[PDB]
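Spelled out from the first residue to the last, the chains are:
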Amino acid sequence: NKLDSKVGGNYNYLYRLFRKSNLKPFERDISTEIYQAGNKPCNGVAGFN
Amino acid sequence: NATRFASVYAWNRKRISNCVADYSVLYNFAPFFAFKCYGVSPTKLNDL
Ligand SMILES: *[C@@H]1O[C@H](CO)[C@@H](O)[C@H](O)[C@H]1NC(C)=O
């Protein structure tokens, strides 16, 4: 927190919570393909839910 | 679907128990646009 927090808030370090399956061991997911939680298809830059 | 919500300082508290919750019908009956959850994801809410 000394070296890497920011007075305005360190937004640099990002993490993922939305994925189709659980991450497998010894693997990383840099992909940011728009994930969809809602019942209908979602597309483009964003979609509802 | 209340007739009217409370004031911000006399904020209205109500406990929900002895019942089954579905958040799918909670949104699908009535369009809305603000949503953010901590300690759980909006999908996984359905089963814990
Ligand atoms: C909310 O309740 C009223 C009756 O008090 C009903 O007419 C209305 O359809 C309900 N809301 C929705 C979104 O269905």
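Residues numbered from 1 in each chain as written, not as in the entry; some residues may be left out. Chains lettered and ligands numbered in written order. Part of a larger assembly, values for the part shown. Heavy atoms only, no water.

- As deposited, the entry is annotated with cryo-EM as its determination method and 3.0 Å as its resolution.

### Comments concerning the side chain of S41 of chain B
Inference 1: Note that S41 of chain B resides in the segment after α1 (23-28).
Inference 2: Residue classification places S41 of chain B among the buried residues on the basis of a relative accessible area of 7%. (Helix = DSSP H or I, 4+ residues; strand = E, 2+ residues; numbered from the N terminus. Buried < 20%, exposed > 50% of the residue type's maximum accessible area, 1.4 Å probe, protein only.)

### Here's the deal with the interface of chain B and chain A
Inference 1: At the interface, seven residues of chain B touch seven residues of chain A.
Inference 2: Of all residues in chain B, the largest losses of buried area upon contact with chain A belong to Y27, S41 and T43 of chain B, amounting jointly to 65% of the total for that side.
Inference 3: Taken together, chain B and chain A are joined by zero salt bridges.
Inference 4: Residue classes in the side of chain B that touches chain A are distributed as four nonpolar, three polar and no charged. (Contact = heavy atoms within 4.5 Å. Buried area = accessible area lost by both parts, 1.4 Å probe. Salt bridge = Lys/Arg side-chain N within 4 Å of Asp/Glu carboxyl O. Nonpolar A, V, L, I, M, F, W, Y, C, P; charged D, E, K, R; others polar.)

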